[PDB]
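S.K.: First the structure, then my questions, so here it is.
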Amino acid sequence: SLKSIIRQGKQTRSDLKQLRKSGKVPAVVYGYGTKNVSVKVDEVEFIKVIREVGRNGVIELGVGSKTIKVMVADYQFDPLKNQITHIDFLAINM
Amino acid sequence: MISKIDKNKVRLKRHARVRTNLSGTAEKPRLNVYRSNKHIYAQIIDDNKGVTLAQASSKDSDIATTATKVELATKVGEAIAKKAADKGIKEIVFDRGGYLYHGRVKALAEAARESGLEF
Amino acid sequence: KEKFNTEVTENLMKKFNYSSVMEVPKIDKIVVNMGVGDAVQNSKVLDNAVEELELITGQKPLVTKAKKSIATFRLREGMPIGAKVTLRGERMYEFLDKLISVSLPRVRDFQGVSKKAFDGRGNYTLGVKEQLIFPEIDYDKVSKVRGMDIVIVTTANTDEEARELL
Amino acid sequence: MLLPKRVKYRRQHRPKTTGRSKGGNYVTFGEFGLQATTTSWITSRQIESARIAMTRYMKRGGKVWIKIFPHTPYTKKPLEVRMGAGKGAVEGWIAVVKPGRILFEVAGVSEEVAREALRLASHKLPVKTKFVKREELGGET
Amino acid sequence: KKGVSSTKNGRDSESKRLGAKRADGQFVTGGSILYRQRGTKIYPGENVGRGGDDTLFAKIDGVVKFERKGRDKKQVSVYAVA
Amino acid sequence: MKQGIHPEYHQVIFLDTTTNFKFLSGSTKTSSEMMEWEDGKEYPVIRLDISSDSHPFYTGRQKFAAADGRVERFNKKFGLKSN
RNA sequence: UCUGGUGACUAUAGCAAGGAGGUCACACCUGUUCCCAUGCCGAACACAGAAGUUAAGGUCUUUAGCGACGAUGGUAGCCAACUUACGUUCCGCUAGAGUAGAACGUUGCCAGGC
RNA sequence: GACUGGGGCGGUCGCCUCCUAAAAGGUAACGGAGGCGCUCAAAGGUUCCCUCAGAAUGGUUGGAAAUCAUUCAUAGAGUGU
RNA sequence: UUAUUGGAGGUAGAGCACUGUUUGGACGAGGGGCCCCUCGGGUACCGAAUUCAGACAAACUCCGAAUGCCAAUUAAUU
Ligand SMILES: [Mg+2]
């Protein structure tokens with residue numbers, strides 16, 4: 001439920017491959033809570049969080065203000081590199 | 001299972017098929033014909049105006065029809081002509097809906113020429 | 001005739017709790033039909049017999065599906081009819097057809113939706129007009145119709161017009 | 001040499017494909033599977049041989065699939081000719097492999113015997129390889 | 001070797017030069033073609049006439065404008081030069 | 001109804017039970033069940049065999065014809081033989 | 001904006017299912033003497049009627065099960081440029097499809113009844 | 001007689017449609033697939049009318065092949081070639 | 001030449017909704033023998049029936065980029 005975050009600027013030209021190289025990760029979150037957000041996140045602590053709660057568990061993603069509960073939707077894994085890209089969250093209902 | 005469907009729909013096909021030949025709305029106004037079992041309506045309209053210039057309904061104003069008669073059709077067909085004198089327009093096209101030109105519809109048209117509005 | 005229709009008109013409302021006479025079945029088409037794997041002359045006598053039973057000509061459609069293995073293509077075929085309003089209701093009474101071995105009144109359900117029919121056979125007679133001047137006897141198919149959603153109101157219909165069930 | 005895997009042609013001559021790049025095509029059937037990684041494409045003959053191997057070393061039955069099939073021919077024309085004239089006759093069939101396909105997959109066995117049979121396969125193909133577990137796709141909707 | 005022995009498929013010069021011959025926002029003269037085609041890859045609208053090879057033209061001067069009708073099939077429609 | 005493809009009929013006496021009309025209808029002379037049905041579009045008088053009450057089929061099950069004496073008889077016979 | 005006729009709009013309209021109503025709309029509907037008409041048939045078309053009815057057609061309500069719409073984000077590809085001969089790589093424009101989210105049980109014009 | 005992956009033998013030599021053809025057109029090869037050297041007095045014109053293949057089931061001609069029969073069937077048919 | 005707006009087509013790419021190819025399941029519509037019965041049981045292979053998932057294409061496309069191409073009573077430079 002604990003994830004340290006940077007907030008993303010949404011125009012992060014294809015050199016963002018640096019981020020992916022840094023272990024950092026992009027993602028977004030949406031649904032009921034708000035309209036749209038782009039974020040950064042660490043891969044390491046994320047693969048911790050998978051086992052931590054499970055696949056569809058209730059993470060509290062990081063903002064800096066209020067954390068949002070989410071039920072992770074989707075990701076676009078790539079083979080030959082063994083890692084994740086562009087996680088997809090979902091601000092659930094109550 | 002089996003069902004004699006509403007005849008408006010096959011009528012509708014038969015209405016838009018002739019308009020594909022052409023409608024004439026932009027040459028001179030078009031006159032139409034609806035045919036209920038009990039009685040008969042009519043309108044003139046033109047485009048892009050979208051303006052309905054004529055109406056002549058038997059049961060909608062002069063109630064208690066009572067029998068669908070060819071003659072009564074002729075009354076209405078005259079009455080649009082009188083209702084068109086005020087505009088005097090002009091030698092209109094005559095839509096057939098999707099109906100045959102046999103009469104009683106043909107009687108409406110025939111007694112519409114009776115008045116001073118030609119085709 | 002329709003005299004029975006006034007009775008069954010009551011029975012099928014007794015039986016099935018409708019809420020309307022309009023939900024009751026009503027007299028609808030017959031269709032006769034005949035056919036041949038091939039014919040050359042007999043068509044004259046096809047029309048002869050069918051025009052003798054029924055008071056109007058039956059017509060000659062074609063096999064329009066490309067066949068080149070049973071015979072050639074578009075060999076003349078058929079004598080269907082639409083028998084209707086009262087020639088119809090009179091026709092249903094004309095049913096008197098036991099010839100010799102009609103001990104099998106054919107309960108089994110013609111089309112699973114609401115069409116149950118006494119599809120049948122022969123020209124010796126139809127319970128009517130024993131002719132006995134033949135080239136040959138020919139199966140005379142039938143259909144029959146009531147606008148409904150089930151074969152059981154129909155079996156009740158033709159049964160309450162006194163069909164043999166089994 | 002041998003072309004067991006075959007089909008209705010629909011046409012017997014065709015411009016080739018020559019590979020550029022891709023990823024993807026995760027495992028969906030079994031547990032353990034082989035990932036092609038690098039520069040080549042394939043004929044059927046090869047695949048057959050690999051199947052012989054993978055069926056022998058696994059006794060206990062043990063299940064195998066081939067996720068791909070050669071849908072494409074491979075033309076090659078008479079010996080010691082001058083070039084020019086019409087495209088040549090058929091010799092082969094082809095199943096192209098970009099880097100990321102998953103040729104062979106198995107289940108019913110442990111982690112080891114799989115890995116051995118897959119070594120014994122990848123020695124019998126052009127492409128460099130990689131061993132994989134079915135734990136994750138990159139999409140589940 | 002050389003010659004032996006084949007087709008010669010190939011009937012390779014077969015041209016008619018179809019396409020489009022005007023554009024939107026283009027003044028145009030009566031009788032002028034807009035767009036060759038076959039079938040009705042484009043339908044006509046107003047101020048237009050078609051021919052015995054599904055060509056298209058403008059019966060009257062104006063300004064060309066293409067349009068959409070039913071999510072598949074387009075139409076062309078001159079509208080009056082002001 | 002076209003005029004030139006339509007046949008006709010004739011023959012003969014109406015009824016006794018209703019009014020003495022013939023309504024382009026039949027007259028059906030049967031023996032077992034003797035209804036003089038004036039109900040038929042085409043030819044009367046018709047020297048027919050059934051009224052549909054004759055056989056035990058259209059009306060329904062009936063006594064109509066045995067069909068019984070045979071079985072029972074032969075049975076009793078064979079029985080008494082060994083008895 | 002209650003109904004109906006006729007127009008416009010990318011099916012966001014639809015399709016499947018169920019609930020409700022009719023003598024003022026419309027329809028089923030009774031019948032075929034005339035108009036006329038069915039390749040057999042008044043079934044259809046058509047003419048004459050209005051006996052019965054809301055069952056069906058058709059109208060209204062609700063449903064997001066089917067289909068159509070559908071972003072944002074990031075991916076493939078590619079225009080320009082540098083390296084490089086690498087089934088190329090790095091950088092700068094652009095920006096899919098698939099997909100999730102979500103949207104959706106139409107919207108307006110003119111006449112005539114009301 | 002010319003082409004002609006030397007020339008020769010072989011094959012072709014005109015026209016219609018596609019693909020290769022690089023989201024306008026055009027764009028070659030002894031590259032890949034098919035045709036044409038006509039037919040119609042109605043299969044033309046025009047006014048009206050109608051909508052099919054397939055599928056399900058019952059039924060004489062039973063590859064469920066022949067016509068029937070409704071229902072489902074968004075064009076899967078047919079379109080002189 | 002560039003900017004701005006509009007615009008025709010259907011490549012790359014992606015995809016299976018037609019065309020055709022394909023794998024493993026589900027499978028039931030049902031069969032073939034060897035055999036029991038003797039009216040049926042039919043016990044490996046299967047067509048199509050209907051579908052779950054995963055794939056393929058110059059001559060398949062429900063879709064569809066960048067570039068270029070066509071014009072603008074439009075604007076800057078030349
Ligand atoms: Mg491709």
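Chain labels run A, B, ... following the order of the structure tokens; each chain numbers its residues from 1, and ligands are numbered from 1 in the order shown.
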I need the contact residues of chain E against chain H, so if you could list those with any atom within 12 Å, counting only C-alpha atoms (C1' of nucleotides), and return them as a tab-separated table (two decimals) with N, CA and C atoms, in the first residue's frame, that would help.
M.R.:
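selection24.tsv written:
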chain	number	residue	atom	x	y	z
E	1	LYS	N	18.36	-23.65	-68.80
E	1	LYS	CA	19.18	-22.56	-69.31
E	1	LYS	C	18.28	-21.53	-70.00
E	2	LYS	N	18.84	-20.72	-70.90
E	2	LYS	CA	18.06	-19.67	-71.54
E	2	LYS	C	16.97	-20.27	-72.41
E	3	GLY	N	15.85	-19.56	-72.52
E	3	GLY	CA	14.73	-20.01	-73.31
E	3	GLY	C	13.79	-20.93	-72.56
E	4	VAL	N	14.31	-22.05	-72.08
E	4	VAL	CA	13.52	-23.11	-71.48
E	4	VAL	C	12.72	-22.58	-70.29
E	5	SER	N	11.38	-22.67	-70.30
E	5	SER	CA	10.52	-22.83	-71.49
E	5	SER	C	9.17	-22.12	-71.34
E	6	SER	N	9.10	-21.10	-70.49
E	6	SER	CA	7.86	-20.86	-69.77
E	6	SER	C	7.13	-19.60	-70.21
E	7	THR	N	5.84	-19.55	-69.85
E	7	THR	CA	5.18	-18.29	-69.56
E	7	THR	C	6.16	-17.39	-68.79
E	8	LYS	N	6.32	-16.13	-69.22
E	8	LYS	CA	5.39	-15.28	-69.99
E	8	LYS	C	3.90	-15.40	-69.66
E	9	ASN	N	3.63	-15.12	-68.40
E	9	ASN	CA	2.56	-14.23	-68.02
E	9	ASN	C	3.02	-12.82	-68.33
E	10	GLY	N	2.27	-11.84	-67.89
E	10	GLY	CA	2.71	-10.48	-67.97
E	10	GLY	C	2.10	-9.78	-69.15
E	11	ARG	N	1.11	-8.94	-68.87
E	11	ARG	CA	0.50	-8.09	-69.87
E	11	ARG	C	0.38	-6.74	-69.21
E	12	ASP	N	1.45	-5.96	-69.34
E	12	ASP	CA	1.96	-5.11	-68.27
E	12	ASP	C	1.66	-3.64	-68.53
E	13	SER	N	1.46	-3.26	-69.79
E	13	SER	CA	0.99	-1.92	-70.16
E	13	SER	C	-0.53	-1.99	-70.31
E	14	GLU	N	-1.24	-1.63	-69.24
E	14	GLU	CA	-2.70	-1.66	-69.19
E	14	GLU	C	-3.12	-0.49	-68.31
E	15	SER	N	-3.37	0.67	-68.91
E	15	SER	CA	-3.53	1.91	-68.16
E	15	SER	C	-4.76	2.65	-68.63
E	16	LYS	N	-5.40	3.39	-67.71
E	16	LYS	CA	-6.49	4.27	-68.07
E	16	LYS	C	-6.45	5.64	-67.38
E	17	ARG	N	-5.64	5.82	-66.35
E	17	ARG	CA	-5.43	7.13	-65.73
E	17	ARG	C	-6.72	7.66	-65.12
E	18	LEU	N	-7.16	6.95	-64.09
E	18	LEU	CA	-8.31	7.29	-63.28
E	18	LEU	C	-7.98	8.36	-62.25
E	19	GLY	N	-8.89	8.56	-61.30
E	19	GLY	CA	-8.60	9.19	-60.05
E	19	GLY	C	-9.53	10.33	-59.73
E	20	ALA	N	-8.91	11.44	-59.34
E	20	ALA	CA	-9.59	12.69	-59.09
E	20	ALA	C	-8.88	13.76	-59.88
E	21	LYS	N	-9.62	14.77	-60.30
E	21	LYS	CA	-9.14	15.77	-61.22
E	21	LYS	C	-9.49	17.19	-60.79
E	22	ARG	N	-10.09	17.37	-59.61
E	22	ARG	CA	-10.25	18.66	-58.98
E	22	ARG	C	-10.14	18.46	-57.48
E	23	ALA	N	-10.23	19.56	-56.74
E	23	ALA	CA	-10.10	19.53	-55.30
E	23	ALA	C	-11.07	20.51	-54.67
E	35	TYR	N	-13.98	13.96	-60.99
E	35	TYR	CA	-13.63	12.70	-60.37
E	35	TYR	C	-14.11	11.57	-61.24
E	36	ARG	N	-13.17	10.80	-61.77
E	36	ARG	CA	-13.49	9.54	-62.41
E	36	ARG	C	-13.48	8.44	-61.38
S.K.: Could you list, as a PDB file with C-alpha atoms (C1' of nucleotides), in the first residue's frame, all residues that come within 12 Å of ligand 1? Count only C-alpha atoms (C1' of nucleotides) and all ligand atoms.
M.R.:
ATOM      1  CA  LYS D  16       8.986 -13.421 -49.768  1.00  0.00           C
ATOM      2  CA  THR D  17       8.895 -11.780 -46.419  1.00  0.00           C
ATOM      3  CA  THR D  18      12.181 -10.905 -44.762  1.00  0.00           C
ATOM      4  CA  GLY D  19      12.089 -10.069 -41.132  1.00  0.00           C
ATOM      5  CA  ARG D  20      12.628  -6.733 -39.419  1.00  0.00           C
ATOM      6  CA  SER D  21      11.407  -6.695 -35.764  1.00  0.00           C
ATOM      7  CA  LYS D  22       8.614  -7.225 -33.186  1.00  0.00           C
TER       8      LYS D  22
ATOM      9  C1'   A G  76       4.626  -0.344 -33.132  1.00  0.00           C
ATOM     10  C1'   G G  77       5.697   2.792 -37.522  1.00  0.00           C
TER      11        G G  77
ATOM     12  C1'   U I  11       0.701   1.691 -48.082  1.00  0.00           C
ATOM     13  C1'   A I  12       3.444   0.913 -43.252  1.00  0.00           C
ATOM     14  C1'   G I  13       1.231  -0.872 -39.045  1.00  0.00           C
ATOM     15  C1'   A I  14      -2.548  -3.513 -36.695  1.00  0.00           C
ATOM     16  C1'   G I  15      -6.362  -7.073 -37.047  1.00  0.00           C
ATOM     17  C1'   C I  56      -0.799 -16.253 -40.850  1.00  0.00           C
ATOM     18  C1'   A I  57      -1.419 -13.097 -46.007  1.00  0.00           C
ATOM     19  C1'   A I  58       1.273  -8.730 -52.458  1.00  0.00           C
ATOM     20  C1'   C I  60      -8.072 -10.731 -47.324  1.00  0.00           C
ATOM     21  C1'   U I  61      -9.290  -6.075 -44.904  1.00  0.00           C
TER      22        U I  61
END
S.K.: Return the single residue from D:64, D:100, D:119, D:15 that is closest to chain A, with distances computed using only C-alpha atoms.
M.R.: D:100
S.K.: I need the chain C residues near chain G as a ChimeraX atom specification; criterion: at most 6 Å, counting only C-alpha atoms (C1' of nucleotides).
M.R.: /C:22-23,57-59,81-82
S.K.: Please write the residues from the selection above to a file, keeping N, CA and C atoms, as a PDB file, in the first residue's frame.
M.R.:
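In the end it all went to result31.pdb:
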ATOM      1  N   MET C  22     -58.937 -11.995 -29.517  1.00  0.00           N
ATOM      2  CA  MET C  22     -57.976 -11.683 -30.563  1.00  0.00           C
ATOM      3  C   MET C  22     -56.711 -12.523 -30.425  1.00  0.00           C
ATOM      4  N   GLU C  23     -56.434 -13.036 -29.224  1.00  0.00           N
ATOM      5  CA  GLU C  23     -55.301 -13.930 -29.007  1.00  0.00           C
ATOM      6  C   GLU C  23     -55.595 -15.353 -29.442  1.00  0.00           C
ATOM      7  N   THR C  57     -56.912 -23.541 -61.256  1.00  0.00           N
ATOM      8  CA  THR C  57     -55.673 -24.097 -61.776  1.00  0.00           C
ATOM      9  C   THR C  57     -54.558 -24.029 -60.746  1.00  0.00           C
ATOM     10  N   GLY C  58     -53.789 -25.105 -60.682  1.00  0.00           N
ATOM     11  CA  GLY C  58     -52.486 -25.070 -60.066  1.00  0.00           C
ATOM     12  C   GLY C  58     -51.412 -24.778 -61.097  1.00  0.00           C
ATOM     13  N   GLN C  59     -50.298 -24.215 -60.632  1.00  0.00           N
ATOM     14  CA  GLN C  59     -49.297 -23.617 -61.501  1.00  0.00           C
ATOM     15  C   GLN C  59     -47.995 -24.395 -61.507  1.00  0.00           C
ATOM     16  N   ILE C  81     -50.969 -24.325 -54.628  1.00  0.00           N
ATOM     17  CA  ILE C  81     -52.220 -23.584 -54.554  1.00  0.00           C
ATOM     18  C   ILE C  81     -52.203 -22.775 -53.268  1.00  0.00           C
ATOM     19  N   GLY C  82     -52.859 -21.619 -53.287  1.00  0.00           N
ATOM     20  CA  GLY C  82     -53.306 -20.994 -52.064  1.00  0.00           C
ATOM     21  C   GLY C  82     -54.816 -21.071 -51.979  1.00  0.00           C
TER      22      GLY C  82
END
S.K.: Fewer than 4 positions away in the same chain doesn't count, so skip those; otherwise give me all residues within 8 Å of residue 103 (chain G), counting only C-alpha atoms (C1' of nucleotides), as a VMD selection string.
M.R.: chain G and resid 12 69 to 70
S.K.: Quick one: residues within 12 Å of residue 81 (chain A), only C-alpha atoms (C1' of nucleotides) counted, chain neighbours fewer than 5 positions away excluded, as a list in words?
M.R.: residues 20 and 21 of chain A; 23, 24, 37, 99, 100 and 130 of chain D
S.K.: Write out, as a PDB file, in the first residue's frame, the residues just selected, with N, CA, C and O atoms.
M.R.:
ATOM      1  N   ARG A  20      12.786   4.577 -17.692  1.00  0.00           N
ATOM      2  CA  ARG A  20      12.733   3.128 -17.745  1.00  0.00           C
ATOM      3  C   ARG A  20      14.091   2.497 -17.481  1.00  0.00           C
ATOM      4  O   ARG A  20      14.168   1.398 -16.923  1.00  0.00           O
ATOM      5  N   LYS A  21      15.162   3.174 -17.877  1.00  0.00           N
ATOM      6  CA  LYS A  21      16.505   2.707 -17.590  1.00  0.00           C
ATOM      7  C   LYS A  21      16.878   2.949 -16.139  1.00  0.00           C
ATOM      8  O   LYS A  21      17.693   2.211 -15.578  1.00  0.00           O
TER       9      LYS A  21
ATOM     10  N   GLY D  23       7.962  -7.652 -30.861  1.00  0.00           N
ATOM     11  CA  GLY D  23       7.998  -8.415 -29.635  1.00  0.00           C
ATOM     12  C   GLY D  23       6.781  -9.311 -29.473  1.00  0.00           C
ATOM     13  O   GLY D  23       6.204  -9.814 -30.446  1.00  0.00           O
ATOM     14  N   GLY D  24       6.398  -9.538 -28.219  1.00  0.00           N
ATOM     15  CA  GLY D  24       5.075 -10.048 -27.898  1.00  0.00           C
ATOM     16  C   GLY D  24       4.929 -11.554 -27.984  1.00  0.00           C
ATOM     17  O   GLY D  24       5.875 -12.332 -27.846  1.00  0.00           O
ATOM     18  N   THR D  37      14.728 -15.390 -30.565  1.00  0.00           N
ATOM     19  CA  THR D  37      15.282 -14.119 -30.137  1.00  0.00           C
ATOM     20  C   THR D  37      15.953 -13.317 -31.238  1.00  0.00           C
ATOM     21  O   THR D  37      16.215 -12.132 -31.023  1.00  0.00           O
ATOM     22  N   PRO D  99      12.019 -11.688 -33.716  1.00  0.00           N
ATOM     23  CA  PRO D  99      12.396 -11.895 -32.320  1.00  0.00           C
ATOM     24  C   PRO D  99      11.232 -11.621 -31.385  1.00  0.00           C
ATOM     25  O   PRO D  99      10.867 -10.468 -31.152  1.00  0.00           O
ATOM     26  N   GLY D 100      10.668 -12.687 -30.841  1.00  0.00           N
ATOM     27  CA  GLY D 100       9.584 -12.593 -29.893  1.00  0.00           C
ATOM     28  C   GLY D 100       8.546 -13.675 -30.033  1.00  0.00           C
ATOM     29  O   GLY D 100       7.713 -13.821 -29.132  1.00  0.00           O
ATOM     30  N   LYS D 130      15.856 -18.529 -25.730  1.00  0.00           N
ATOM     31  CA  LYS D 130      15.728 -18.127 -24.347  1.00  0.00           C
ATOM     32  C   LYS D 130      14.633 -18.964 -23.714  1.00  0.00           C
ATOM     33  O   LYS D 130      13.625 -19.279 -24.349  1.00  0.00           O
TER      34      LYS D 130
END
S.K.: Hey, list the chain F side of the contact with chain C: 6 Å cut-off, only C-alpha atoms, answer as a VMD selection string.
M.R.: chain F and resid 6 to 7 57 to 58
S.K.: Keeping only C-alpha atoms, write those residues as a JSON list (two decimals), in the first residue's frame.
M.R.:
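After the write, part35.json holds the following:
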[["chain", "number", "residue", "atom", "x", "y", "z"],
["F", 6, "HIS", "CA", -62.54, -21.77, -63.50],
["F", 7, "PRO", "CA", -64.68, -24.98, -63.67],
["F", 57, "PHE", "CA", -61.19, -43.00, -36.24],
["F", 58, "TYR", "CA", -62.57, -39.50, -36.84]]
S.K.: Which residues come within 12 Å of residue 75 (chain I), counting only C-alpha atoms (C1' of nucleotides), excluding same-chain residues fewer than 2 positions away, as a list in words?
M.R.: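 Residues meeting the cut-off are residues 2, 3, 4, 72 and 77 of chain I.
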S.K.: What's the 12 Å shell around residue 46 (chain A), counting only C-alpha atoms (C1' of nucleotides), without same-chain residues fewer than 6 positions away, as a list in words?
M.R.: residues 1, 2, 3, 4, 5, 23, 24, 25, 26, 27, 40, 52, 53, 54, 55, 59, 60, 61, 62, 72, 75, 83, 84, 85 and 87 of chain A
S.K.: Please report as a ChimeraX atom specification which residues of chain A come no farther than 8 Å from chain G, using only C-alpha atoms (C1' of nucleotides).
M.R.: /A:27-28,30-31,36,38,73-74,85-86
S.K.: The selected residues should be written to file as a PDB file, in the first residue's frame (atoms: C-alpha atoms).
M.R.:
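Final file, again_13.pdb:
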ATOM      1  CA  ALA A  27       1.713   4.933 -15.165  1.00  0.00           C
ATOM      2  CA  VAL A  28      -1.719   6.510 -14.981  1.00  0.00           C
ATOM      3  CA  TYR A  30      -8.363   7.221 -13.406  1.00  0.00           C
ATOM      4  CA  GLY A  31     -11.947   6.071 -13.052  1.00  0.00           C
ATOM      5  CA  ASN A  36      -6.615  11.600 -15.544  1.00  0.00           C
ATOM      6  CA  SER A  38       0.335  10.554 -15.264  1.00  0.00           C
ATOM      7  CA  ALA A  73      -6.003  -2.954 -14.195  1.00  0.00           C
ATOM      8  CA  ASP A  74      -3.337  -3.553 -16.791  1.00  0.00           C
ATOM      9  CA  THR A  85       5.872  -0.465 -18.901  1.00  0.00           C
ATOM     10  CA  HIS A  86       2.928   1.888 -18.317  1.00  0.00           C
TER      11      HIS A  86
END
